[PDB]
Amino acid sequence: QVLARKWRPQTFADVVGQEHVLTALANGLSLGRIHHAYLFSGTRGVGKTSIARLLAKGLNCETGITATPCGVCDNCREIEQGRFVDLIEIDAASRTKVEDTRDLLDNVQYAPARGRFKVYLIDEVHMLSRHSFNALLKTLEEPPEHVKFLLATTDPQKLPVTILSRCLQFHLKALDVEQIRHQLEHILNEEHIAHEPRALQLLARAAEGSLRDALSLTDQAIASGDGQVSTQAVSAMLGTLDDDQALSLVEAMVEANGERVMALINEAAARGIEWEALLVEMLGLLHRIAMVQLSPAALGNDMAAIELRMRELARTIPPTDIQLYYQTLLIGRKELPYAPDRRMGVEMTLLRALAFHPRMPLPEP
């Protein structure tokens, strides 16, 4: 078992972060209001097709049409496995389909073999070849009772208004970092697998809003490192320094050490750091600090390693200033690719925070 497959949500109960979009489908199934076609939008990665399945699962089930599909019946097992007679799946991105959309949409008006509905899950509907496309519109304005359409697309804009108006389309949003972090944790706790705090952070942030990938990365961390989701392993796949460099840089910067700031930048450079990644860490550090200055409990989980240093800055540097550094660096990140070289970009910035330093570098003849 790999935690990518083993955690495919089986009920809306265990889906993560799409709150409304499920409140509308759970209510839809509960009361009995199921429309001719559902259009799911959102970027690749988000539960589009996953939540699509769970819909058909709540429709075909032997315990009735409920938002709570039994996970054991003969229908559910076959739905989740991805091998159901009535849940026909068509991927519009593939060039080698057996009987292309036109032939699978030919049988539309025919009865459902096992179940109340003959559901059609089409992924990337905007990629469909034209002659089959209109075939849907013959059915959409006058579709049989036994048929249902589950549509998915990375881009709605490439779907003609003829279809976007006949469907009840739902937009699935990305997930915040912490939202993914929190789920990963929960899975690793219940699964009894060794994990660290900074790891789950690095893992979540790496998966950009997709729990799907989040887990697939978590699985390669388990294979690459020890059977332990450790910071060492995680930053081994991704490529984070795994060093206190971002912090010491901040510490130097704020004392107006230049010599050491430029020094650190150099050593840093020698280990092939991703300059933007470095700036991001610094911004994140500058942020927690300001949080600590507001409510002293803000220093988190694996950040216990810094605690002392972090807090020392909190009590010694003016918040007014802490904002100033943050700002100056943020800006730096925007102009970063404007710079002739990414490193000189980083030097441009940090030297900048050193000068526009209260009680720092001054001019002369």
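So that there is no doubt, residue numbering starts at 1 and follows the sequence shown.
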Inset, instruction - Report the stretch with the higher mean CA temperature factor, choosing between 116-124 and 190-198 on the basis of the entry. - result: 116-124
Inset, instruction - Would you tell me which stretch averages the higher CA B-factor in the PDB entry, 80-88 or 270-278? - result: 80-88
Legend entry - Criterion, highest CA B-factor; candidates, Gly284, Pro143, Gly225, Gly258: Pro143
Legend entry - Largest Cα B-factor, entry values, listed residues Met262, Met253, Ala135, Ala236: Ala135
Inset, instruction - Check where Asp219 lands among this chain's C-alpha B-factors and tell me if it's the lowest, middle or highest third. - result: lowest
Inset, instruction - Within this chain's modelled residues, let me know which third the CA B factor of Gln327 belongs to: lowest, middle or highest. - result: lowest
Inset, instruction - State the tercile, meaning the lowest, middle or highest third, of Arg181 with respect to the CA B-factors recorded for its chain. - result: lowest
Inset, instruction - Quick one: classify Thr63 as lowest, middle or highest third of the chain based on its Cα B-factor. - result: highest
Inset, instruction - Place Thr240 in the lowest, middle or highest third of its chain's C-alpha B-factors, as listed in the PDB entry. - result: middle
